[PDB]
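>>> fold the following, please.
(5 chains, ligands or ions: 6)
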Amino acid sequence: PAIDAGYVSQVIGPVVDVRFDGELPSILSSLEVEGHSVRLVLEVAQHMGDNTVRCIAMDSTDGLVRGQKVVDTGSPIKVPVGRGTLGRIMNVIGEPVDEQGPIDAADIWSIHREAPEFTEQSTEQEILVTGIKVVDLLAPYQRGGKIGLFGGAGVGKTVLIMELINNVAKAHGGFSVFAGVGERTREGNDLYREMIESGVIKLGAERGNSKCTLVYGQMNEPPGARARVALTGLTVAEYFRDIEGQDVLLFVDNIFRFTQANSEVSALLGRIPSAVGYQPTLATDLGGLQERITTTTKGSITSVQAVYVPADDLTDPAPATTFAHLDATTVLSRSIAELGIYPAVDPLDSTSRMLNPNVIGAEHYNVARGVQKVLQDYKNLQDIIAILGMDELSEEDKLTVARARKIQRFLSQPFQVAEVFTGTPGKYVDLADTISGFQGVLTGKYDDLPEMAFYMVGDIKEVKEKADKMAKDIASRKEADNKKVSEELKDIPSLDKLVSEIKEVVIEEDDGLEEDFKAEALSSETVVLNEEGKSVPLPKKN
Amino acid sequence: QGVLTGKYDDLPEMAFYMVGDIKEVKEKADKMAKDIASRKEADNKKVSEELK
Amino acid sequence: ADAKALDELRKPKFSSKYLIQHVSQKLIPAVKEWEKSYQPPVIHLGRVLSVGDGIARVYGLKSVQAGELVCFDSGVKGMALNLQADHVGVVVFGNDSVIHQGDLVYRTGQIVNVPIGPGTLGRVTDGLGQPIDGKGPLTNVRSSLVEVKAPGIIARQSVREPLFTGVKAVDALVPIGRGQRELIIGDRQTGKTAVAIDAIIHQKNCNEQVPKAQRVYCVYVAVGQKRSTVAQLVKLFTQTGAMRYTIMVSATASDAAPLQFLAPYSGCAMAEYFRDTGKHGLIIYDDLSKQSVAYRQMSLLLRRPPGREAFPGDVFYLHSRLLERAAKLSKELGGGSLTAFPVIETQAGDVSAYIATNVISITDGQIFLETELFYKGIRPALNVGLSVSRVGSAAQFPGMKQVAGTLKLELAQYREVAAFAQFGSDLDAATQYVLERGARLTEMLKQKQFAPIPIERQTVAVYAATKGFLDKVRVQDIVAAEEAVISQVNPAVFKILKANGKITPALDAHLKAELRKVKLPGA
Amino acid sequence: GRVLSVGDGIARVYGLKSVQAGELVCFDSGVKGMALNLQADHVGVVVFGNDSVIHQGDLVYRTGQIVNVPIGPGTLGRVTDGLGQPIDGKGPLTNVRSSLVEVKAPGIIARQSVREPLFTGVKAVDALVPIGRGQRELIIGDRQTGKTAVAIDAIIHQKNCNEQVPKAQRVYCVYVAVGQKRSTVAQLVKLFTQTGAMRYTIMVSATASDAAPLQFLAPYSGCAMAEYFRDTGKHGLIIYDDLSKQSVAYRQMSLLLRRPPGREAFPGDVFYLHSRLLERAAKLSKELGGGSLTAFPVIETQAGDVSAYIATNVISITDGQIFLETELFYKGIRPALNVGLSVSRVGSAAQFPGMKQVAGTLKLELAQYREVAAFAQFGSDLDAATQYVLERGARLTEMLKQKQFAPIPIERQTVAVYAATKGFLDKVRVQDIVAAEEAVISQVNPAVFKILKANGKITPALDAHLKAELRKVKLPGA
Amino acid sequence: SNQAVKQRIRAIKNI
Ligand SMILES: Nc1ncnc2c1ncn2[C@@H]1O[C@H](COP(=O)(O)OP(=O)(O)OP(=O)(O)O)[C@@H](O)[C@H]1O
Ligand SMILES: Nc1ncnc2c1ncn2[C@@H]1O[C@H](COP(=O)(O)OP(=O)(O)OP(=O)(O)O)[C@@H](O)[C@H]1O
Ligand SMILES: Nc1ncnc2c1ncn2[C@@H]1O[C@H](COP(=O)(O)OP(=O)(O)O)[C@@H](O)[C@H]1O
Ligand SMILES: [Mg+2]
Ligand SMILES: [Mg+2]
Ligand SMILES: [Mg+2]
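Numbering: from 1, shown residues only, chains lettered A, B, ... in the order given. Ligands and ions are numbered 1, 2, ... in the order given. Shown next is the structure:
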């Protein structure tokens, strides 16, 4: 009973050394610390060499004493998978963190597995309509593809991932997994409560009719928890792909936080750091996680990952490494966002493998390439326009600057999830309407319309509606002079008649501060522990 | 010293390109002048009734 | 030398003991004659192996917890960061010039904790909870940990209550929810502190008009500031009366970088007392960009590998595990809240810095304060195109929400036509209208220091500006015009607007009536 | 040998005292290894696979042999991993023979000069930066330019030429896919099957989930599979897709074998990493068979920054350079070849003689196009011959555009640049020069392409016949 | 990429 129950050798932050006097646990095995305040799971990372394993803590190590009994579980971190996980919130180690009781486990799968083989792969390219103009036009999504949203802290990739949830995850009739990795806990509560409202998550005895399962490793978690919670969400998605055999939607908010968490951990593991500050194993840790997120021949996973860029730096090694793992990379720019254009999608930096005329049709492809040609030509003109003004341009250049400003504003779109703070109701723009409208603005059918008629509208019917409305108003600015409903006898009381209906409050004068406060008696001397573990005052010597 | 002291301003500047010395500049300037004054030699023939 | 071959040396294989017994009769008398030179051996206590750079290596301390307050015998506290096989690396909350090699380290049995409670309310403490205001020890207080984990998903609810700041720009444009986190990001000397000070003074003004549970108890955490600045701020909070509700934690520029790293966690543990018992807290981390610099100092002195700009790599986790404790709790947890105002100084307006973009992707919004608006005298210099608060929106004052959408739209069009014409020669006379209205409104929103306004006197003041009622006044006398409007409007309508929550149509009628008998100074 | 420690794909091994440097070792878990740094107290072994199955005290056996891959004509058609083992699900490699992956490149006396042309089918390449057999050419560019698409078009085009050439001058292609997705390379096996290029193609696939020593070693495995055709008198075409992803796999092992880092973190020997590999692409002498191996390393830059560490190494190793620009990509110019920065050091030595006399004029005019458009985009003034060169250079820029997977043979490329440089595509509007030139290939007689293929050169009896045939075509716009 | 910015400063200053 002593063997294969080892003891804590040294504790450095998220990283625990445990010495096992016989038959060491394997790498990736799960170990349980006995006597901690909470459940502390340690995942074995390395064998250090002297009957010592090197572990990663899945919770805080504050409170670990250097002899503590650590129990090997003989297997990796196994999380509950199945249809009974639908509608629940899980953490990194598969525990319910939504207070709905224990999780109905059809199976429990380890969170570490290999990627599917080369024979298992799927080469099928059908488009996924998102109802977003810039996404559907310029970098269209694949229905079994890895999709990345690249952004720089405040450019809108959580709002884009929520709009993609709202548009896609209702028509798509499968199950969803939301793996929240390293994001705000407030946003996890927001998504959970809005999914209970729209009936995607159902509580109580209706729980089996839920469509989404949430796995959360948010930014208050230690680095070991945020480094493995994406693997937990992957395991929940891979059960539905491999065993239920059906389509999954996996949304991962900030897969960068996985890399950042392993970079926090890797400093204390005794590794020589790679470029900018990262672990030497950035590409292989990221690739081992990303190659599990695929569609095989037996099921589909449509993946949407938000990717954070660290200082608006798209050449940082974590974004530059994760660019090669995606089928559609939607890059959000801060300069686009500062012009008020939302979604702040850089149209000359967002790519897809679907922008291919043999896949989307030559009409869509030619419109998209013509839109990109006009935008790139304006980008080449902007250095002249900023200095010499638009008065120095050619008439051909003035035409392409006007058309490119119109197609820059037309790529912006109101979102249904943004209407609670913008106030403008959102529009779902169909793909045929997107192609037709952008073709019309390309050919010069809508040069009659101003620039701001295109800003934050759905499709080209609404450009002409807004262009009639902006023009029509250009006159109507007055005749709110008299003939009011706000003179003194319309339905109005007097002001003192309004004062007496005020519910007077009683101000309590005592702050309620010592209601049930148990003040402990602080000592005016530092009380410490002597050699016998007994509480004594600090001895008066230096 | 010729090019520097204005001595060869009568020549095209492309007669200086990829030549040996200053006499090959003059040997290329007149060669170039004959070549572009005789562009108009093949606008009337070789379209039909050639030598077979 | 294999461990298979070092394991067989536990078994005795000497086959002759002619000097086991020779020294075992002689070892104790030779040890006894050197007892003047033996320091007493150490097992559960600690002895300092080596101290330097504010990190001591401590031999022994066999039963210390990781992350625990240790006490050096000179009375300086420490924190056991990394327990190693041979030593314990402790981090010294103080100057290491008083720790010697061979000093005794005492375990205290408790992870790093500060005094929290009702009795720390009013006091000025250091980064670890000991008072520095000189008025004695912290009484009516209890000890709680500084590295509590933030509440989870199920322990929260969305922010609903509207947390008035007293700044017209903030309460109209960038409104603050009560469990929200709002970054005050700007350059040096752009009025970052002034917004947070105005919020604290306004909570003092509102705490005496609300019934005992809607009161907000502020905490100001001053990290890396000067001590004279902190003394002047305590003088201001005392003379306004705001020190009745404020805790003031200060780890100043002279203090050790562990104390500056730890002081926001100490202040957060003190304000989480008010979050956890159903009350509402306000916490201001002034220059979280200095806590990041102190943590970078600690990490490079611990020889951890530097990452971007030199920062340790867990400098995101430093601020994320700090600001995630600013929450709004659910009704099963009491319903208390904690609103955070992190402050980040920016160098030359570079929002794309490391710590700046870290804290932007933690907080629920931003308040950008520009040097080009601050030099022109537009104070608070709030960048309206960049400032944002999405969690506090549709959770603000309802009358201010009825008025301020027109204000956000009119400042938007003012920004558009100033983005078109930065030089004045081509006047459309409808572009001149939106220029005059925008110049009226940006004179309306700018205000003076250390005098926050109640929300009904801001609602009426921006009601009188987003409508007509001020176009008589030209561009200069608007600061006196709004004071004349606040003065000459009959003060019953402020009581109806406060009590009802929004402008009712009877109140809109009386308000359109009352804004016509106002003697504007521009005439 | 006993495993002392294990972690991060490195196992420090006690014992193994007679092991060689670079020798394959075998763990008792079945997973292989390679002894990379032999030290006085232990062996540093990089693990060919997942290191979770290796424990402390596991037994390591040395195989006696340096790392080797199966080479031969039985690898043609198959999709292997970073060392030989086929991953396409078609059983073992029949008709194959093992040989080492680290072979010394042929020396001075083992070569001859690069004179035969390698037709890629991309006319921006085959005109302006032409490629000979035995030449290594860097395809360097930014993130999503047309880098793979240039290299896939060079492979598909060899299928179109192999049906038409005799058996001796057929080019057998090898595509090494380092660090890519596994479904990205499944899209290429599907493309090489439905074109038919998989009859001549080997794919060496070390994807992103493979271990870091399998991606470091896969360019050497693919070079060894392609050196079979070089050493036995045939012709090979190796494409190392992202050598910039091989060096990241090399940096990972070097930093975990505790070799001290250098520039950006890279080991000191990372120039020797790639120059060992690219110098194996050679045109052999006729004593050795006359065989050839043509390399196309791919390097990805970050923001068009070719001043990086791995970028400046491979620019210094390879002969030419095909620099693809992301700003030229979005202007419509696809292949996005920067004609001002793209070089070929073999040059006019090994291009098509029928296009040597046409594409000399083409780069002579496009050099004149570049500086005049920098001035005329301000919109100052224009000069009726400065107006000619930015109107002619727009005829040539649209001429060198191309679709995705249609390599144009060599004769239909040189007729099209003939019709663009001999004035036949003046007064045709710039929007449909990309649409006129299908008529210039379809309406011009299909038997004039045979003469320029058989002569290899525009004879005097052919320019007078072809320019008579470029007048009986119905051009759009006009 | 650090010398693209220095020559762009050169261009903007000469303009
Ligand atoms: N709203 C305001 N109206 C008038 N003056 C102001 C206002 N806000 C700040 N000031 C003045 O501007 C100066 C800078 O204010 P403040 O200290 O708030 O900026 P800061 O961002 O804290 O600078 P630092 O961080 O360097 O201390 C102060 O001296 C103050 O008097
Ligand atoms: N000549 C071309 N004409 C039209 N489209 C092209 C051409 N070449 C490439 N593309 C398009 O550009 C996209 C990128 O091509 P490619 O896959 O070659 O990128 P890459 O340079 O290999 O970058 P990465 O290695 O990151 O994929 C492809 O989806 C392809 O459709
Ligand atoms: N489509 C949109 N419409 C309006 N505002 C948006 C939109 N997308 C983003 N924003 C603004 O950008 C801010 C940051 O977006 P968010 O997704 O929260 O940032 P991040 O990209 O860091 O996750 C939001 O608070 C919102 O105000
Ligand atoms: Mg986010
Ligand atoms: Mg300040
Ligand atoms: Mg590629």
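>>> contacts only, for whichever residue of chain E sits closest to chain A.
Residue nearest to chain A within chain E (CB to the nearest CB): residue E:15, separated by 6.4 Å. Just so you know, the C-beta spots here come from the backbone N, C-alpha and C atoms, and that holds for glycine as well. Neighbouring residues of residue E:15 by CB atoms under 8 Å, 6 or more residues apart in numbering or on different chains: residue A:387.
>>> kindly indicate whether residue C:200 is helix, strand or coil.
Using DSSP: H, G, I helix; E, B strand; the rest coil, the secondary structure recorded for residue C:200 is helix.
>>> now it: how far from chain D?
Distance from residue C:200 to chain D, counting by CB to the nearest CB, to the nearest Å: 45 Å.
>>> that residue - how many residues pack around it?
27 (other CB atoms under 10 Å in any protein chain shown).
>>> pull the longest helix from the chain.
Using chain A. helix A:362-388 (DSSP state H).
>>> nope, chain C please
From DSSP H, the single longest helix across chain C is helix C:398-420.
>>> near ligand 3 at all, that helix?
No: Helix C:398-420 does not reach ligand 3 (CB under 6 Å from any ligand atom); its nearest approach is 12.3 Å.
>>> and after that helix, which helix or strand comes next?
helix C:431-445 (DSSP states H and E).
>>> okay, residue A:512 and residue C:331: tell me how far apart.
17 Å (CB to CB, to the nearest Å).
>>> tell me which of those two has more neighbours.
Set residue A:512 next to residue C:331 and count neighbours by other CB under 10 Å: residue A:512 wins out with 14 against 8.
>>> so that one: helix, strand or coil?
coil.
>>> before we move on, what about the one 5 residues further on?
Secondary structure for residue A:517, judged by three-state DSSP, is coil.
>>> what is the burial count for it?
Neighbours around residue A:517, by other CB under 10 Å: 15.
>>> find the closest residue to chain B in chain E.
residue E:14 (24.9 Å).
>>> swap in chain C?
Here the residue of chain C nearest chain B is residue C:423; by CB to the nearest CB that distance is 43.9 Å.
>>> residues near that residue, how many?
Residues near residue C:423, counting by other CB under 10 Å, number 5.
>>> swap in residue C:435?
Neighbours of residue C:435 using other CB under 10 Å come to 18.
>>> what sits closest to it if chain neighbours are left out?
For residue C:435, ignoring the flanking residues on the chain, the nearest one in space by CB to CB, 6 or more residues apart in numbering or on different chains is residue C:417 at 6.1 Å.
>>> that neighbour against residue C:434, yeah?
Yes: under the criterion of CB atoms under 8 Å, residue C:417 makes contact with residue C:434 at 5.5 Å.
>>> hang on, the earlier thing: next one: the residue of chain E closest to chain A from residue D:43, what distance?
The gap separating residue E:15 from residue D:43 is 62 Å, by CB to CB.
>>> could you do residue C:85 as well?
Distance from residue C:85 to residue D:43, by CB to CB: 26 Å.
>>> now residue A:369: closest residue in space, sequence neighbours ignored.
Nearest residue to residue A:369, sequence neighbours excluded (CB to CB, 6+ apart): residue D:332, at 6.9 Å.
>>> same question, residue A:350
Using CB to CB, 6+ apart, the nearest residue to residue A:350 is residue A:139, at 4.1 Å.
>>> burial measure for residue C:219, as a count.
Neighbours around residue C:219, by other CB under 10 Å: 29.
>>> how about the contacts made by the residue nearest to the spatial centre of chain A?
Central residue of chain A (CA atoms, centre = their mean): residue A:253, 1.8 Å from the mean position. Shown in contact with residue A:253 (CB under 8 Å, 6+ apart): A:158, A:161, A:178, A:179, A:180, A:181, A:182, A:183, A:187, A:306.
>>> residue A:234 now?
Counting by CB under 8 Å, 6+ apart, the residues that residue A:234 touches are A:111, A:179, A:250, A:289, A:292, A:293.
>>> could you single out the nearest of those residues to residue A:460?
residue A:250 (34.1 Å; CB to CB).
>>> what about the helix or strand containing the closest one, near ligand 3?
In this structure, residue A:250 is located in strand A:247-253 according to DSSP H and E. No: judged by CB under 6 Å from any ligand atom, strand A:247-253 stays clear of ligand 3, getting no closer than 7.7 Å.
>>> give me the subset of the contacts of residue A:253 lying in strands.
A:178, A:179, A:180, A:181, A:306 (DSSP state E).
>>> may I ask which of the residues you listed has the most neighbours?
Neighbour max across the ones in strands among the contacts of residue A:253 (other CB under 10 Å) = residue A:181, 32 neighbours.
>>> coming back round to it: buried residues in the longest helix of chain C?
For helix C:398-420, burial by neighbour count (16 or more other CB atoms under 10 Å in any protein chain shown) applies to C:399, C:400, C:401, C:403, C:404, C:407, C:410, C:411, C:414, C:416, C:417.
>>> give me the contact list for it.
So helix C:398-420 is in contact with A:423, C:171-173, C:175, C:384-385, C:394, C:396, C:431, C:434-435, C:437-439, C:441-442, C:455-456, C:458-459, C:462-463, C:465-466, C:497, C:501-503, going by CB under 8 Å, 6+ apart.
>>> now, these that are in helices?
C:171-173, C:431, C:434-435, C:437-439, C:441-442, C:455-456, C:458-459, C:462-463, C:465-466, C:497.
>>> quick check: PyMOL command selecting the buried ones in those residues.
The buried subset of the ones in helices among the contacts of helix C:398-420, as determined by 16+ other CB under 10 Å, is captured in PyMOL by this line:
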select buried, chain C and resi 171+172+173+431+434+435+437+438+441+442+455+456+458+459+462+463+465+466+497
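>>> now the contacts of residue A:253 in a markdown table, with distance to residue A:345?
Output for the contacts of residue A:253, formatted as a markdown table (distance: CB to CB, whole Å):
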| residue | distance to residue A:345 |
| --- | --- |
| A:158 | 14 |
| A:161 | 13 |
| A:178 | 22 |
| A:179 | 23 |
| A:180 | 23 |
| A:181 | 22 |
| A:182 | 23 |
| A:183 | 20 |
| A:187 | 21 |
| A:306 | 13 |
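>>> show me which of the residues you listed is closest to residue A:57.
residue A:182 (16.3 Å).
>>> I figured that closest one hits residue A:219, correct?
Yes: Residue A:182 lies in contact with residue A:219 (CB under 8 Å); the separation is 5.1 Å.
>>> and those two? which has more neighbours close in?
residue A:182 (31 against 26).
>>> how close does that one sit to residue A:39?
21 Å.
>>> same question, residue C:128
30 Å.
>>> higher neighbour count, the two?
residue C:128 (23 against 11).
>>> show me what contacts that one?
C:77, C:93, C:112, C:114, C:259, C:262, C:263, C:266.
>>> let's go with 7 Å and repeat that
Neighbouring residues of residue C:128 by CB atoms under 7 Å, 6 or more residues apart in numbering or on different chains: C:77, C:93, C:114, C:259, C:262, C:266.
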